[PDB]
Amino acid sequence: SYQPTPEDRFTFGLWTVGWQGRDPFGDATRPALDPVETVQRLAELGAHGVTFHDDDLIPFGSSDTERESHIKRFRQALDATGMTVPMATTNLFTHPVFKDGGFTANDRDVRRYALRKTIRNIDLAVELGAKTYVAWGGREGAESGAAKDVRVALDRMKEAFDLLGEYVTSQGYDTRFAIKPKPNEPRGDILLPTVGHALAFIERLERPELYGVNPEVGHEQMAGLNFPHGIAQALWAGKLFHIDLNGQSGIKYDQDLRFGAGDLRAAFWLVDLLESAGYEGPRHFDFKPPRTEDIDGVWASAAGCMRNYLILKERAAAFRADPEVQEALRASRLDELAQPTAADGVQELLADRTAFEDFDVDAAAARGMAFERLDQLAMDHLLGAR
């Protein structure tokens, strides 16, 4: 059928299948997973690799020998399975010291600690072979207006990303940063709340080339945005450094459902885009198996993430390969969208009477776009009705 192999580049965070089920209104429904057991179970499922936050791999406050021992046994599981670590990140949101943020905390001593905690994990991530380092600022934001001056907070966020870029340049590390946007939760509003705000921010950093975005399906959907459209803008800007896949069923709390769940047609158009644009990075799943599930349901949800990408990849590829669909695209003039509007230049456009004075606006206005026929061919292919 649709069996994942390492060649598909599917990756999972330690915190995803390892989530215990504690939420805002309830306690853990599952026991803690050992990182070593997660590496082996995921390898058996056909995953290509794993990612971590520092505190997922090493308990907060571990002494250096406890730290040594956690990394050592993690690395032996990696080597024994052939599993890779493509990405890593810092937890700057769980501990109560981060209750007003990490990099933009109002307290200056807490911003220095957040930067020291992050550099320590950049060194370890590079050792394990990570090529992308993610920054998700879940606690950077506010619930009230005078609590955070946002222009000065953006000065502190730029200062912190510029310091991290100076550090990896001076160490000569081959590692890139990717910002993960989220509109809200756990703060009332988070800074750089969508893909577009993170892309604009990057352009003001001292070394913009070192930074890109790591968008999450459900986060852009919490602001009611079109995730395929946000991803196309990121790819148009050359900034899609990584991507987090999951499901979300509308504007509400962050659900992190398994990929395919939530908005199924957006998942289809996202796979169509990634595959036709030739995205070559990891297909990473940041989801949380519902707390109704035991450990057998945890691996069934994680296996469903990979299966749904592969069914959808197949349906999108049959769609674009269908001659009838190719005909429908010409009918809807998707080939004329690819033509330059005025490669003849502005002066030639201004002198062209068929562009304005002799343009028949009502004949143009009457041409049907034939978009409903095209979308029902896309619907038939997704459902396997062709």
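The numbering used is simple: start at 1 and walk along the sequence shown.
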Which is higher in the entry, the mean Cα B factor of 66 to 74 or that of 314 to 322?
66 to 74
So 42 to 50 or 27 to 35, which one's hotter by mean CA B-factor in the entry?
27 to 35
Pick out which of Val150, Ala135, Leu225, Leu245 has the highest C-alpha B-factor in the PDB entry.
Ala135
By the entry's C-alpha temperature factors, tell me which of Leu14, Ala364, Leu377, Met369 sits highest.
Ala364
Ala328 - which third its CA temperature factor falls in, relative to the rest of the chain
middle
Would the CA B-factor of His219 place it in the lowest, middle or highest third of its chain?
lowest
Cα B factor band for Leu349 (lowest, middle or highest third within the chain)
highest
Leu382 CA temperature factor, ranked by third within the chain
lowest
By the recorded C-alpha temperature factor, relative to the other modelled residues in its chain, which third is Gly172 in?
highest
